[PDB]
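One letter stands for each residue in the lines below.
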Amino acid sequence: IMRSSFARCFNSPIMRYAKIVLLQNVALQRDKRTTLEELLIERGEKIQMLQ
Amino acid sequence: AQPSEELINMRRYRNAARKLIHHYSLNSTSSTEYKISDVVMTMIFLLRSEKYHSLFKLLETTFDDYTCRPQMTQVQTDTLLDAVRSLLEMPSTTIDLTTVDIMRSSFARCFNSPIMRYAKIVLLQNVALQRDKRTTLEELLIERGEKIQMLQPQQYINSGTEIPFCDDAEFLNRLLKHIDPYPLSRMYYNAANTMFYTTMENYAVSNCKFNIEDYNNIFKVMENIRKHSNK
Amino acid sequence: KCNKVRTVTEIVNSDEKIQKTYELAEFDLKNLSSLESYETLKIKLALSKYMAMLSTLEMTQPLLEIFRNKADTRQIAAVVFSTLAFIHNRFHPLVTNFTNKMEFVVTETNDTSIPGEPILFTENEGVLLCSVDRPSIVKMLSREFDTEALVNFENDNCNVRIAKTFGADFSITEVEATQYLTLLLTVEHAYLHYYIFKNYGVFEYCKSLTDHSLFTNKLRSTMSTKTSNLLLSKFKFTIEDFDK
Amino acid sequence: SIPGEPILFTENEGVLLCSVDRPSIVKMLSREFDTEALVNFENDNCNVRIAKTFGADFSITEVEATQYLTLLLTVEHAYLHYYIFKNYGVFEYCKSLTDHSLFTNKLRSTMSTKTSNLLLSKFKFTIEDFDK
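Residues numbered from 1 in each chain as written, not as in the entry; some residues may be left out. Chains lettered and ligands numbered in written order. Part of a larger assembly, values for the part shown. Heavy atoms only, no water.

- In the annotation of the PDB entry, chain D is listed under the name Occlusion-derived virus envelope protein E27 and assigned to Autographa californica multiple nucleopolyhedrovirus.
- The record deposited in the PDB is entitled "The base complex of the AcMNPV baculovirus nucleocapsid (Class 2, localised reconstruction)".

- Per the PDB entry, the recorded name for chain A is Protein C42, and the organism is Autographa californica multiple nucleopolyhedrovirus.

Structure follows, in structure tokens:
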């Protein structure tokens, strides 16, 4: 997370005030973002399996 | 020297190449089957035993791209077939020349077009069947039925009539309990597709292309069933 | 058809009255749940019965070893016969026998092999006879192909679909048991043709074998609620790729 | 784990059951976050605020207690959905979870006519900066 923070800072050559909350992170160990619905399937299943 | 990269994940290379080969010849099961890096890894993994290098040579012959069928170096071909069985680590499950030829045709289409997006398409046909003469089903109907009528039953199995049954209901319920946990719905479809593949697996011989629409009719069997339900 | 069912209630002598409204969407869903559970149980039961009945027959050895052998002539015949009878009873529960004449032929050679329909009939050259490709049946039991279950499905919407996530000696492998369904389906397909020709002439039987297509007419007034093994009907593949 | 909600109920798996994320709970417990020394926003003080200018063992400290409010409000948010589906359909437990949002409608005529734990009327950030 911090690595990506620094990999977002110098990115700016920008000295004007920046309203930019880069909430996003790239490095989420995947090609691209899935939906949440699949996880709503996947966690729910195993949860029902659990006792 | 650094011998790592050539085989470091021998596990990856072996398991993925074997998975792929089972996908082709053994038609095993649905998967997101692809990695071109794995395709290359196939060759590199072949390049570290003679019991590989032979098959590697054969497969390289495909890079000539012509549909000719190579001469059978009978003795060496047989030893090679045994090496294939070994390197496929199957229960000697009747690995055969025909499946070998099928793999040859598989690569006869694999590298043969740089379709750099997705040829996500069955290529059912094989050029290298016993002939490209491509006679139709209808003549073989006669050719088979002749000898069929000529043959005599191996056993004359019936006299009278009987029915089998048992009624150990408790036993049946015990079985049921044992049987419960299995996701039938999924488990059966793969076998259904095995039945599907079986048609092609039969006609390696002057094959008749058409299957699809009659299969669609097999599926519309359920359509007809629904129609009967509704009159 | 969203049907926000609408309701009102009254004091007698009509002092004043109250209103409420409700939505079927829960009820229909639970109905579907119950339906599918019910029919699944039925199918499982049927399979169990079949398996046990076969189990009765004193096999010395696990099924697949039988066909891996080819010296037999009894066991294979028995198997086939049993399956046929099971199907026939599944359609005619009161019916028990076929009046003899049933005889089988093992086929062993590619030069006798026939594509598609693996089990074949000559209804009367004097009497019925049948033919079976054991080699092919082994190929169909190229068991190595099987693997753990995929869990795919399509046309999802929300937990509108997913709500089941909150809606509550042969001691031998499920997968090997599952292999049986293959022969079940095969003999079922065969029984189709057998019944057809038994009802009608040879040439239409040949036509059906040419195309399992025209059946859809004659297989009518025939399934009087006698459901058959085509529950999950999404039998389909890529089509546009046919490319003539 | 699950996104958003550290708590969930399975309303009647034969009977009610609940599941909770101790890991994420601890992550909320990572209170090295906390510090008091701050400054409130104000406005228009001469009219609005200048008037307000002129008025005035187990003996545990506060910060932890403050933290209690965290689980208080969390369990409130969970209770909302719990009550909702306990009273209503799993369709509107698909909804309320696909987004919370709309449930204001069902709360209409539903709330007990008594407020809860939502005094200070601003609770927001920059919004237009969503910069899609």
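After that view, the rundown keeps rolling.
Points about the sheet that holds strand β5 (residues 129–133) of chain C
Thought 1: In spatial order, the strands read β3-β5-β4 (chain C); together these 3 strands make up an open sheet with mixed pairing. With one partner strand each, in any of the chains shown, β3 (106–107) and β4 (119–122) of chain C form the two edges of the open sheet. (Pairing = 2+ DSSP bridges. Helix = DSSP H or I, 4+ residues; strand = E, 2+ residues; numbered from the N terminus.)

Some thoughts on the nonpolar core
Residues and elements named next belong to chain C.
Thought 1: Core analysis: the biggest nonpolar cluster contains 34 residues, and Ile119 and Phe121 have the highest contact counts within it.
Thought 2: For this core, the secondary structure elements donating two or more residues are α1 (25–55), α2 (63–68), α3 (74–91), β4, β5, α4 (134–140) and α6 (174–199).
Thought 3: What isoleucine 119 contacts, discounting residues up to four positions off in sequence, is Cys130, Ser131, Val132, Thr186, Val187 and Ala190. (Core = buried A, V, L, I, M, F, W, Y, C linked by side-chain atoms within 4.5 Å. Buried < 20%, exposed > 50% of the residue type's maximum accessible area, 1.4 Å probe, protein only. Contact = heavy atoms within 4.5 Å.)

Notes on the interface of chain C and chain B
By convention, interface size is frequently given as the accessible area that disappears when the constituent parts associate.
Thought 1: Each side of the interface is counted separately: chain C has 75 residues, and chain B has 62 residues.
Thought 2: Here chain C meets chain B over a buried area of about 6,400 Å², counting both sides, of which 64% is carbon and sulfur.
Thought 3: Where chain C touches chain B, the interface holds 1 salt bridge.
Thought 4: Residues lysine 44 of chain C and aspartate 180 of chain B are paired through a salt bridge, measuring 3.6 Å at the closest nitrogen-oxygen approach.
Thought 5: Run the count over chain C and chain B and you get 25 residue pairs in polar contact.
Thought 6: At the level of secondary structure, the elements contributing two or more residues to the side of chain C that touches chain B comprise α1, α3, β3, β5, α4, α6 and α8 (215–218) of chain C. (Buried area = accessible area lost by both parts, 1.4 Å probe. Salt bridge = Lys/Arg side-chain N within 4 Å of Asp/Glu carboxyl O. Polar contact = N/O pair within 3.5 Å; in protein donor to acceptor, adjacent residues only side chain to side chain.)

Remarks on the arrangement of the chains
Thought 1: Among 4 pairs of chains with at least one contact, chains B and C form the most extensive contact set.
Thought 2: Looking at chain A next to chain B, you find no contact at all, with the nearest C-alpha pair sitting 12 Å apart.
Thought 3: Chain B shows no contact with chain D. Their nearest C-alpha atoms sit 18 Å apart.

Side note on the pairing of strand β1 (residues 4–10) of chain C
Residue and element names in this part refer to chain C.
Thought 1: As judged from the 7 bridges shared by β1 and strand β2 (residues 17–23), these two strands associate in the antiparallel manner. Bridge pairing in β2 links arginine 6 to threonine 21.
Thought 2: Linking β1 to β2, which pair antiparallel, is a turn of 6 residues; within it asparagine 13 sits at a positive phi near 75 degrees.

Quick look at the pattern of salt bridges
Thought 1: The final tally for this structure, using the stated rule, is 13 salt bridges over all chains.
Thought 2: A salt bridge links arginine 14 of chain B to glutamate 89 of chain B; its shortest N-O distance comes to 3.2 Å. In this pair, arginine 14 of chain B is assigned in helix α2 (residues 10–24) and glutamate 89 of chain B in the loop between α5 (74–88) and α6 (97–110), connecting sequence segments 75 residues apart.
Thought 3: By relative accessible area, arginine 14 of chain B is classed as partly exposed at 29%.
Thought 4: A relative accessible area of 33% places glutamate 89 of chain B in the partly exposed class.
Thought 5: Taking the shortest distance from any N to any O, the salt bridge between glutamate 154 of chain C and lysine 234 of chain C comes out at 3.5 Å.
Thought 6: Relative accessible area serves as the criterion here: at 43%, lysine 234 of chain C is assigned to the partly exposed category.
Thought 7: Connected through shared salt-bridge partners, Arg14, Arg18 and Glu89 of chain B make up one network.

Some remarks on the packing of aromatic side chains
Thought 1: Inspection of every chain in the model, using the stated rule, returns 19 aromatic pairs over all chains.
Thought 2: A centroid spacing of 5.2 Å and a plane angle of 5 degrees characterise the contact between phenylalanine 107 of chain B and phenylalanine 111 of chain B, whose relative ring orientation is stacked.
Thought 3: For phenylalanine 107 of chain B, a relative accessible area of 9% puts it in the buried group.
Thought 4: Owing to a relative accessible area of 33%, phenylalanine 111 of chain B belongs among the partly exposed residues under this scheme.
Thought 5: Aromatic side chains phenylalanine 197 of chain C and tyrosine 205 of chain C sit 4.9 Å apart centroid to centroid with 20 degrees between the ring planes, which places their arrangement in the stacked category.
Thought 6: Among the aromatic side chains, those forming a connected cluster through ring pairs are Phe196, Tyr197, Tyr215 and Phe219 of chain B together with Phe235 and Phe237 of chain C.
Thought 7: Just above the ring of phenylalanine 27 of chain C sits the side chain of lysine 30 of chain C; from NZ or CZ to the centre is 4.7 Å.
Thought 8: Just above the ring of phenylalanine 41 of chain D sits the side chain of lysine 122 of chain D; from NZ or CZ to the centre is 5.2 Å. (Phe/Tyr/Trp six-rings, centres within 6.5 Å; stacked < 30°, edge-to-face > 60°. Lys NZ or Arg CZ within 6 Å of the ring centre and 35° of its normal.)

Quick look at the state of the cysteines
Thought 1: All chains considered together, the criterion is met by 1 disulfide over all chains.
Thought 2: Bridging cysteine 158 of chain C to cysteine 94 of chain D, the disulfide has an S-S length of 2.0 Å. Taken together, the positions of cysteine 158 of chain C in the loop between α4 and α5 (159–162) and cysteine 94 of chain D in helix α4 (residues 91–94) put the pair across two chains. Judged on exposure class, the residue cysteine 158 of chain C and its partner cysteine 94 of chain D are both buried.
Thought 3: The closest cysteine sulfur to the non-disulfide-bonded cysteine 18 of chain D is located on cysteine 94 of chain D, 20 Å from its own sulfur. (Disulfide = S-S within 2.5 Å.)

Considerations on the packing of α1 of chain C against α6 of chain C
Residues and elements named next belong to chain C.
Thought 1: The interhelical angle for the contact between α1 and α6, taken along N-to-C directions, is 95 degrees, at an axis separation of 11 Å. Considered as vectors, α1 and α6 are oriented roughly perpendicular to each other. Contact with α1, carried on its side by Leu47, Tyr50, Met51 and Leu54, involves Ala177, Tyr180, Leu181, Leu183 and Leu184 of α6 and no other residues of that element.
Thought 2: Residues belonging to the contact of α1 with α6 are distributed by class as follows: 9 nonpolar, no polar and no charged. (Axes fitted to C-alpha atoms, helices over the stretch in contact; angles between N-to-C directions. Parallel < 35°, antiparallel > 145°, perpendicular 65-115°, else oblique. Nonpolar A, V, L, I, M, F, W, Y, C, P; charged D, E, K, R; others polar.)

Thoughts on the pairing of strand β1 (residues 7–10) of chain D
Residues and elements named next belong to chain D.
Thought 1: The sheet contact formed by β1 and strand β2 (residues 17–20) spans 4 bridges and is antiparallel. Bridge assignment links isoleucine 7 to a residue of β2, and that residue is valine 20.
Thought 2: With antiparallel pairing between neighbouring strands as the criterion, β1 and β2 make up a hairpin whose turn holds 6 residues, including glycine 14 at a positive phi of roughly 80 degrees.

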